[PDB]
Amino acid sequence: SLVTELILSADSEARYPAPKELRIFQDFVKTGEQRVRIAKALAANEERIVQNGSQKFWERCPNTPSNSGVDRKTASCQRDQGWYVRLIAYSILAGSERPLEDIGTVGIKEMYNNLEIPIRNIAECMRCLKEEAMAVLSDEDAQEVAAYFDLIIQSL
Amino acid sequence: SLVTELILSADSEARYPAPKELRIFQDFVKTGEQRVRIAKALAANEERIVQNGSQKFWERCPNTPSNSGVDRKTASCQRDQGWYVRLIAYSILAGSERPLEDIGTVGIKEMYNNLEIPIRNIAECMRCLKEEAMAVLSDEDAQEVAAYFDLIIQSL
Amino acid sequence: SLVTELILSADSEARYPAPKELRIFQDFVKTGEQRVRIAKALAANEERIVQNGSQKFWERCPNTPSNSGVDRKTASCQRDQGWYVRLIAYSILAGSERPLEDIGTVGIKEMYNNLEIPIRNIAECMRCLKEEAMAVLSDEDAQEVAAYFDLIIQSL
Amino acid sequence: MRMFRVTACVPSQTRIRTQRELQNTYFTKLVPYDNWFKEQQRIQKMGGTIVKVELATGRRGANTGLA
Amino acid sequence: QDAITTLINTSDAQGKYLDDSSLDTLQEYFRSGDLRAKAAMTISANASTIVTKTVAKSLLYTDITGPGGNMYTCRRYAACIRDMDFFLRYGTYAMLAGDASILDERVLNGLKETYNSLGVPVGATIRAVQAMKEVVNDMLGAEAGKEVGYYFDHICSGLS
Amino acid sequence: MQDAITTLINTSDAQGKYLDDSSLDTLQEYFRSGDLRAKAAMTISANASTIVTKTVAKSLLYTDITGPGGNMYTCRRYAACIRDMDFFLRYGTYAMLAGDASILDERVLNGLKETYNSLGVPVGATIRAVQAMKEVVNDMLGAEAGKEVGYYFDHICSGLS
Amino acid sequence: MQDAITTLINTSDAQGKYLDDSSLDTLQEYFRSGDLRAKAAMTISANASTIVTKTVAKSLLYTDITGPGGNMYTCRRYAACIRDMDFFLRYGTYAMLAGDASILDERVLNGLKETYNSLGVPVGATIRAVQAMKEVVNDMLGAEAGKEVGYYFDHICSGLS
Amino acid sequence: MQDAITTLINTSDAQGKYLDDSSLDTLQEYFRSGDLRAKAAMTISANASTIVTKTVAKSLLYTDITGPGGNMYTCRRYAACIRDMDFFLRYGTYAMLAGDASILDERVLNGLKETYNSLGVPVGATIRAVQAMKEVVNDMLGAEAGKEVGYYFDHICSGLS
Amino acid sequence: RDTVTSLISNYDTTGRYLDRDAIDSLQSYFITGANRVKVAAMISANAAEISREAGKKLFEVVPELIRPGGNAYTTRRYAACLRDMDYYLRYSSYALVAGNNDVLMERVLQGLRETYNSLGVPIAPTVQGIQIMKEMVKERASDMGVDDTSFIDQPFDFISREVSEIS
Amino acid sequence: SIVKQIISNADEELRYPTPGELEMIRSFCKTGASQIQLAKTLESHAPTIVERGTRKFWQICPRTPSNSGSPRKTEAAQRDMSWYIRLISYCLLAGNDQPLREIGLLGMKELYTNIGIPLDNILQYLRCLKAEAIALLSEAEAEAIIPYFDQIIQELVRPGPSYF
Amino acid sequence: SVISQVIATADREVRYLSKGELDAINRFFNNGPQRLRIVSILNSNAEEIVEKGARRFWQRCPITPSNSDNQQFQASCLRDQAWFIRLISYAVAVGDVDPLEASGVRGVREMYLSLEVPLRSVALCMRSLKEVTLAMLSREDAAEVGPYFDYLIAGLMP
Ligand SMILES: *[C@H](C)[C@H]1/C(=C/c2[nH]c(/C=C3N=C(/C=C4\NC(=O)C(CC)=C4C)C(C)=C\3CCC(=O)O)c(CCC(=O)O)c2C)NC(=O)[C@@H]1C
Ligand SMILES: *[C@H](C)[C@H]1/C(=C/c2[nH]c(/C=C3N=C(/C=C4\NC(=O)C(CC)=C4C)C(C)=C\3CCC(=O)O)c(CCC(=O)O)c2C)NC(=O)[C@@H]1C
Ligand SMILES: *[C@H](C)[C@H]1/C(=C/c2[nH]c(/C=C3N=C(/C=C4\NC(=O)C(CC)=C4C)C(C)=C\3CCC(=O)O)c(CCC(=O)O)c2C)NC(=O)[C@@H]1C
Ligand SMILES: *[C@H](C)[C@H]1/C(=C/c2[nH]c(/C=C3N=C(/C=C4\NC(=O)C(CC)=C4C)C(C)=C\3CCC(=O)O)c(CCC(=O)O)c2C)NC(=O)[C@@H]1C
Ligand SMILES: *[C@H](C)[C@H]1/C(=C/c2[nH]c(/C=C3N=C(/C=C4\NC(=O)C(CC)=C4C)C(C)=C\3CCC(=O)O)c(CCC(=O)O)c2C)NC(=O)[C@@H]1C
Ligand SMILES: *[C@H](C)[C@H]1/C(=C/c2[nH]c(/C=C3N=C(/C=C4\NC(=O)C(CC)=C4C)C(C)=C\3CCC(=O)O)c(CCC(=O)O)c2C)NC(=O)[C@@H]1C
Ligand SMILES: CCC1=C(C)/C(=C/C2=NC(=C\c3[nH]c(/C=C4\NC(=O)C(C)=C4CC)c(C)c3CCC(=O)O)/C(CCC(=O)O)=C2C)NC1=O
Ligand SMILES: CCC1=C(C)/C(=C/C2=NC(=C\c3[nH]c(/C=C4\NC(=O)C(C)=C4CC)c(C)c3CCC(=O)O)/C(CCC(=O)O)=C2C)NC1=O
């Protein structure tokens with residue numbers, strides 16, 4: 001989160017929060033209302049976000065384990081899409097991508113290679129979910145969400 | 001500057017700047033006009049700031065080399081005060097104390113201890129200059145300037 | 001002490017104390033009687049040394065917390081002076097400033113800044129104690145005690 | 001950051017230390033999490049008996065905030 | 001870990017989103033953020049002064065300070081005020097974060113063992129921490145002083 | 001470490017004794033197992049990633065140790081478990097090819113239990129998954145070399161219990 | 001590293017005065033370009049792997065640089081070229097987000113020509129690859145941000161020159 | 001480390017006064033034993049290898065702790081024991097010259113017993129070795145200086161027991 | 001890189017498969033390998049004698065090196081020179097096993113002249129002693145029964161050629 | 001052993017053993033029966049080599065701690081030499097020189113200088129044992145075990161092999 | 001090769017090539033000619049190995065860039081098959097994977113990630129290439145060659 005990172009940056013040179021750190025903290029606390037609005041919107045519409053993203057991702061990339069005829073694989077893909085958008089909600093709530101990084105996007109390649117899932121297919125799907133997140137959000141909301149969606153993109 | 005440390009933090013872990021750091025960059029970029037106004041204010045009333053600060057500094061402490069009757073020492077004290085408020089203006093403009101640190105507070109004690117000048121005398125003169133900047137600036141500008149003033153006070 | 005530092009220099013390179021180090025040993029041992037005479041001399045007249053040091057230091061630097069009217073602060077300053085001349089006698093006994101450094105000149109500046117007494121005031125007071133030790137001690141004796149006095153000058 | 005409190009004694013089997021190269025082997029050391037795997041592997045490579053590994057800093061099952 | 005991070009951890013353990021009670025907790029933190037930032041400015045403004053007053057009011061002119069005591073010698077006085085500055089800065093960090101997890105991760109762990117190993121007296125140490133709580137309560141007021149003094153009591157219990 | 005030859009040499013050398021007939025025949029058994037032990041080590045070296053994939057699929061997936069609150073949740077922990085498995089399989093390959101399990105004793109089981117108890121990593125799920133790995137290598141290597149690497153998988157399972 | 005604000009402050013500090021009016025005008029220019037600077041850095045951060053892939057595809061694949069005896073033969077050297085292009089792109093993005101090429105001079109250009117001549121790395125083909133990277137980055141951000149970062153790519157080419 | 005003078009200063013410093021007559025009398029004792037302590041150090045430094053030779057001969061050789069399976073078997077461990085013996089002798093020399101066993105308590109006895117129990121070094125065997133080394137220093141130094149060095153060798157043994 | 005890996009790397013860098021000239025050269029190296037291993041064995045059995053006696057012969061023919069002006073006068077420098085002799089003999093034996101001078105290229109000639117110019121070590125007594133080592137290994141190889149002394153000729157000549165100056 | 005060195009080198013780089021390492025292992029296992037028979041010849045003939053070497057070395061060098069009147073020094077000399085041939089047989093069975101180095105070359109000179117045995121007399125005694133082992137066993141079986149005798153010999157001729 | 005690494009091992013723990021290492025390289029020199037003859041057979045069969053392996057690879061993996069309608073991708077893939085066969089013959093000639101490791105295992109994953117070519121698909125193609133080569137070779141020839149195929153596959157099996 002932004003607070004923990006600001007403290008550990010103050011901790012590193014063994015000092016108090018500098019003239020910028022308190023300013024970033026005030027920015028975070030005053031944008032908190034907007035962040036809570038984003039989180040509420042995402043938690044409300046995650047179901048249709050996942051459905052529309054899977055629709056666009058299967059219209060775009062169909063050579064996937066997500067649509068290889070096994071319903072367990074498809075249900076797992078939908079659950080993973082919902083989990084990742086929930087992690088993006090955690091990121092916008094925390095003010096930093098560290099809920100996304102420490103849970104979703106650090107061991108991502110080794111894990112999804114171990115699952116034998118093609119990495120670029122997941123990248124395509126995260127791009128689909130990012131586009132639908134634009135489709136439901138306002139301009140600042142969708143910009144702040146697309147931030148962490150492209151974090152997921154970079155991790156793949 | 002603050003953006004220098006943003007780029008150096010993106011460096012040394014071999015990564016691109018996170019959108020959280022990009023958000024710090026946006027916020028600094030919109031506070032830039034206020035910071036330019038504050039620096040113009042300091043470059044405007046620096047003369048009276050040094051005059052009144054030296055006045056109150058000699059009022060609270062007459063046992064300094066700056067008022068020992070040698071006017072070259074008083075000229076050097078005036079010039080040190082003016083240089084430091086110039087550095088604080090640089091810090092405001094850069095959005096970080098690192099110009100102020102790397103020009104006037106890294107080897108601060110070695111220089112002033114070579115100059116046979118008491119450290120806490122410079123610190124108390126800096127407190128006087130801080131109170132003068134408090135007296136002449138608006139409240140948010142006063143907080144921003146007095147924070148870097150306090151940074152110098154910590155360096156002593 | 002000199003003995004400890006001889007042992008440490010013979011250590012950290014895993015060697016025996018060289019013949020020259022044991023020459024140092026057997027000579028510092030023959031230096032012993034004059035060191036006991038100095039410790040006894042400094043212990044015998046310590047009260048008058050601190051009285052006359054306070055006299056000259058209050059004559060030369062009156063802007064001190066010792067002569068602010070509080071006899072508790074005055075008594076504490078006399079206690080500090082007696083403690084420091086005790087440490088210098090200890091350093092004669094040991095043959096080096098290791099007791100002096102370890103007990104009184106390692107965290108000297110940080111402590112007296114926590115106690116808010118100006119550092120140069122302590123330097124002037126110890127210079128007064130130094131010149132009274134010149135007054136009360138013979139020439140070789142004045143040299144051996146003024147050495148650790150100059151060490152106290154360096155720390156302040 | 002979450003730390004490991006590790007006590008181990010790592011012996012030398014490939015070199016004779018003459019008089020100064022001898023340092024110590026029984027060390028108790030705070031180890032960062034991101035290096036403890038490599039330190040465990042290194043002191044297993046040199047042949048050390050690891051007698052005590054505990055979590056000095058941080059809690060178990062931390063999904064986030066552990067560093 | 002901070003208040004937001006603990007909330008995320010709890011809802012990730014339970015696997016769901018942040019419910020309305022956790023959103024109330026988060027709105028509490030987010031509306032306390034401004035006054036916590038002001039108190040952080042104030043503690044960064046006069047930290048050395050606070051340490052000066054607390055060593056004067058709690059640790060000086062007892063025989064702990066004089067010979068045979070633990071703050072005797074210049075280096076041990078420097079180490080003691082260093083530890084006092086540590087406690088002040090880390091209580092400030094915990095006030096900024098809203099949780100004492102930073103104290104439980106960096107300050108309190110190992111500290112009792114190390115203080116008992118060096119012969120540092122824990123009782124006078126906890127006295128110094130609550131005297132710091134009193135001085136910050138005096139120079140900031142009731143509310144912000146209450147928030148930071150709660151974490152000072154957390155440190156006081158961790159030494160205890 | 002010790003291999004089969006080094007444990008035989010060590011057992012004889014800690015007695016001031018040349019290797020005897022029982023030791024010479026045990027070393028003969030090692031020499032005549034060497035060819036299939038090398039072939040099994042090469043097969044595992046080829047198929048290590050597939051082994052770990054199938055092992056985690058059949059023992060550790062679609063259980064609550066994977067979902068939220070599970071120990072294999074939060075992808076870096078899944079990757080940590082997969083790294084643990086690559087190390088388990090490579091050290092089992094070392095033990096099976098060397099003929100002795102001492103490489104396991106001095107590079108896995110020393111420290112592994114206390115690290116897992118320090119981190120809250122469940123040892124029972126680790127052991128069940130490691131024997132599932134043993135079953136996988138049994139499945140696609142054969143009965144003989146599969147059991148030969150399964151002996152050292154049993155040693156990894158026993159040393160964690 | 002001296003960014004635009006830092007080098008501006010350095011000029012005025014060497015001159016000894018405050019930042020003059022024209023220096024404040026340039027700082028205003030930087031402060032109103034910073035939003036598109038952050039957005040361009042955001043897109044480069046997202047699509048860095050794609051940018052390097054299409055750049056190598058348009059300037060370094062299907063030439064004799066990738067055939068035997070070419071410098072991009074022997075897969076480790078292809079990977080070394082990929083990681084050099086990644087260094088070029090990320091450090092040019094740092095320079096664009098900073099508003100001055102000091103990070104390119106200090107972290108990249110200060111001895112890369114010596115190292116590339118020492119290793120026998122093609123300087124001219126790296127310059128062509130960096131210009132192709134400038135074309136690729138130009139293509140998916142648009143004219144303004146594209147030239148704003150292509151200035152730093154051209155600076156990389158000039159320092160390799 | 002601390003020497004006899006340093007400890008006298010340290011107790012007098014913790015009490016808060018100059019050295020009283022008893023502390024100065026202990027100083028007289030130390031300063032008048034300094035000549036023989038220096039001579040004993042010269043003798044120990046000159047004959048270190050010989051002292052370790054006779055010490056290992058009269059306590060450690062010809063018994064099954066040097067046999068197969070023993071601790072000084074497998075030549076590198078015997079040379080490790082030689083190094084430990086020479087280290088103990090040199091640190092006993094440092095302790096004898098300083099007049100204090102503080103250096104041993106800081107650099108020798110701090111964690112040595114736990115270390116040896118972790119390596120499997122027989123603690124009783126090296127304690128018997130240190131007493132034999134005490135006997136060798138007794139024989140080739142005399143009763144007086146031999147007893148003096150034997151005090152710090154006893155401190156080594158007690159910190160090892 | 002031995003002969004095998006050097007030739008393979010050359011054909012890799014030009015992209016060709018193995019032609020019959022390479023197969024003949026590889027088979028030739030594999031046939032000479034028995035003699036190469038025999039010389040490595042004799043070297044590992046008599047290395048101290050060969051290196052030290054070559055140093056002795058060099059100091060007899062070049063007398064000045066043990067004289068006070070020379071850079072092998074004291075026993076510290078004498079032992080350093082004999083250790084250098086052991087270095088040359090060991091890496092020349094490595095090259096004899098490999099059949100290639102890559103080991104010498106990266107581990108003997110990687111700055112030897114810079115070191116010997118920094119310390120004042122004379123180059124030409126070093127290569128003279130290298131040649132004495134080569135003649136010694138040649139003669140006990142001929143006594144051992146190896147008719148082909150061509151293989152053992154090459155590493156010492158390579159070290160001499162790369163180290164010596166241009167007259 | 002060969003497998004020991006291969007496992008150590010493979011675990012250093014955190015990689016599985018390569019096909020060439022496994023070819024090395026299979027070739028060594030193919031020669032394993034032969035090397036076991038080499039060790040068998042060594043086991044059968046070792047005390048004869050020890051007794052003839054100790055007689056020859058005493059004749060060539062009387063100033064020897066074993067040749068001093070004490071029976072225990074004599075028994076210790078035979079014990080040490082038989083132990084060295086035991087390590088040579090271990091080297092035959094392991095496939096490399098690990099059980100000579102690790103179990104008695106590493107730290108051997110300093111061991112004996114602490115003991116008080118002169119190492120030049122040790123060198124001569126080993127030369128004698130090498131001679132009687134050359135003359136005692138066979139021709140082809142000498143080529144396998146006498147090089148390890150040379151390996152233990154080569155560690156102590158090095159203060160400087162003497163010339164004019 | 002075994003001889004380079006045994007030289008490096010003797011260099012690290014400073015000594016000469018001891019007798020066991022000498023027997024190891026003696027067995028290497030004795031096994032040389034068989035490696036040479038099987039290298040000659042691989043050079044004779046390399047083209048047909050590529051054709052049959054590509055046919056079996058497309059049978060076992062039709063959704064690939066090689067099997068797309070773009071013939072540049074197919075030509076690059078067939079060139080890759082020939083290059084890996086040449087490198088495998090290099091590895092067979094050397095007796096270890098040092099040409100293979102030096103040229104086509106180290107960094108091959110990073111390249112094919114930079115080319116976006118699926119490394120599982122390359123691993124499957126090398127599996128089919130292994131099957132074709134083992135079919136085209138005798139049982140002991142298969143015993144020599146198949147490990148190098150296994151090591152090429154495992155270098156990208158991730
Ligand atoms: C006198 C030369 C100067 C001066 C002194 C002054 N000191 C105090 C209070 C204290 N002084 C000490 C110092 C030490 N304790 C140690 O262990 C060491 C090493 C030997 C030192 C130097 C301490 C600990 C105190 C605290 C209280 C006490 O008595 O222990 C005061 C009073 C401070 C106050 O106002 O509360 C004063 C005035 N003042 C001068 O003007 C001189 C330059
Ligand atoms: C002062 C209020 C009390 C006191 C203090 C005292 N402390 C030490 C030594 C140490 N203090 C610590 C504590 C910390 N180190 C850290 O990094 C952190 C930050 C999270 C803490 C809290 C440690 C570890 C030490 C030992 C190492 C060091 O020197 O820092 C001393 C010195 C003791 C000695 O003999 O060296 C003292 C005097 N003493 C009192 O009497 C007060 C009650
Ligand atoms: C969907 C966008 C893509 C896809 C999905 C897919 N995933 C799996 C299996 C798993 N996915 C996960 C995921 C996570 N665990 C975590 O901790 C995190 C962060 C919160 C994530 C994202 C896990 C653990 C599994 C394993 C199964 C399980 O949950 O027990 C599958 C199944 C693969 C199979 O064959 O079993 C699938 C299909 N597939 C696609 O094609 C999309 C690109
Ligand atoms: C996988 C089968 C199970 C599992 C794994 C898991 N492990 C960790 C963390 C660590 N595991 C180790 C492992 C080892 N230490 C050694 O010496 C050896 C070599 C043979 C091994 C395998 C280490 C060192 C760590 C800590 C350091 C690091 O993670 O790099 C975790 C993460 C725990 C956490 O809190 O993050 C996990 C998840 N978990 C399961 O549920 C499986 C049954
Ligand atoms: C000899 C008298 C006895 C003996 C010795 C023995 N020691 C070791 C190994 C080590 N000894 C040390 C010792 C020290 N390190 C230090 O820093 C200091 C001061 C605290 C000492 C005294 C260490 C650290 C080691 C391990 C690493 C090293 O050898 O340098 C061994 C080897 C045991 C093993 O390999 O496991 C032996 C044999 N053994 C006896 O039986 C004698 C009575
Ligand atoms: C075929 C099995 C798979 C496949 C292949 C494919 N490869 C490319 C492009 C290249 N492949 C290489 C290969 C190598 N470089 C080396 O140094 C070595 C080792 C010695 C090898 C094998 C290179 C250099 C290229 C770049 C093009 C060139 O030759 O300059 C492509 C084309 C990708 C593109 O976008 O052009 C393809 C398709 N395709 C499959 O379907 C198989 C899995
Ligand atoms: C296997 C590694 C090893 C070796 C070689 C070893 C050496 C050893 N031999 C020992 C001793 C001797 N070696 C010898 C041997 C020789 N006497 C000679 O003059 C020659 C040429 C030799 C060849 C080694 C003698 C006479 C002794 C008498 C012991 C003494 O003088 O102290 C001992 C004494 C302890 C004991 O026997 O139990 C030791 C520790 N012990 C080991 O751990
Ligand atoms: C401390 C000064 C010093 C000395 C004395 C020294 C010794 C030394 N003498 C040496 C050699 C000899 N000393 C001697 C002779 C003696 N050396 C003596 O002191 C005595 C009394 C003798 C026995 C008679 C012999 C015969 C050699 C043979 C040299 C050779 O092997 O060719 C050498 C070798 C180099 C050379 O030949 O010049 C060295 C390094 N090196 C040094 O640094």
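Here is how names work: the chains are called A, B, and so on, in the same order as the sequence lines, proteins then strands, and each is numbered from 1.
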Just jot down the salt bridge (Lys or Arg N to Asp or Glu O under 4.0 Å) partners of G:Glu106, sequence neighbours excluded, or say none.
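In terms of salt bridge (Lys or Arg N to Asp or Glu O under 4.0 Å), with neighbours along the sequence ignored, G:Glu106 is linked to no residue.
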
Please list, chain by chain and in numerical order, all residues satisfying side-chain contact (heavy atoms from CB on, under 4.5 Å) with [X], sequence neighbours excluded.
X	answer
B:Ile24	A:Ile24, B:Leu2, B:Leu6
B:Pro17	B:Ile7, B:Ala10, B:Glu21, B:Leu22, G:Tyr94, G:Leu97
K:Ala123	K:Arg127, K:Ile153, K:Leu156, K:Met157
G:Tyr62	K:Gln72, K:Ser76

Modelled atom types, side-chain donor and acceptor of [X] and [Y], under 3.5 Å:
X	Y	value
A:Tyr112	A:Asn121	no
G:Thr93	G:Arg37	no
I:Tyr29	I:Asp2	no

Under 6.0 Å from the NZ atom of A:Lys109, do we count more than 12 heavy atoms belonging to anything else shown?
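Counting other residues, nucleotides and ligands, NZ of A:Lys109 stays at 12 neighbours or fewer.
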
Atom CE of I:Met105: over 12 foreign heavy atoms under 6.0 Å:
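Open: at most 12 neighbouring heavy atoms sit under 6.0 Å from CE of I:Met105.
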
Does any pair with a residue in residues 133-160 of chain G pass ring-ring contact (aromatic ring centres under 6.0 Å, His included), and if so which ones, sequence neighbours excluded?
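Residue pairs with at least one partner in residues 133-160 of chain G: there are none.
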
Indicate, with yes or no, if the rings of K:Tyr151 and K:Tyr148 have centres closer together than 6.0 Å.
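No.
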
Verify the ring-centre separation between K:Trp83 and G:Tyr73: is it less than 6.0 angstrom?
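Yes: the rings meet the under 6.0 Å criterion.
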
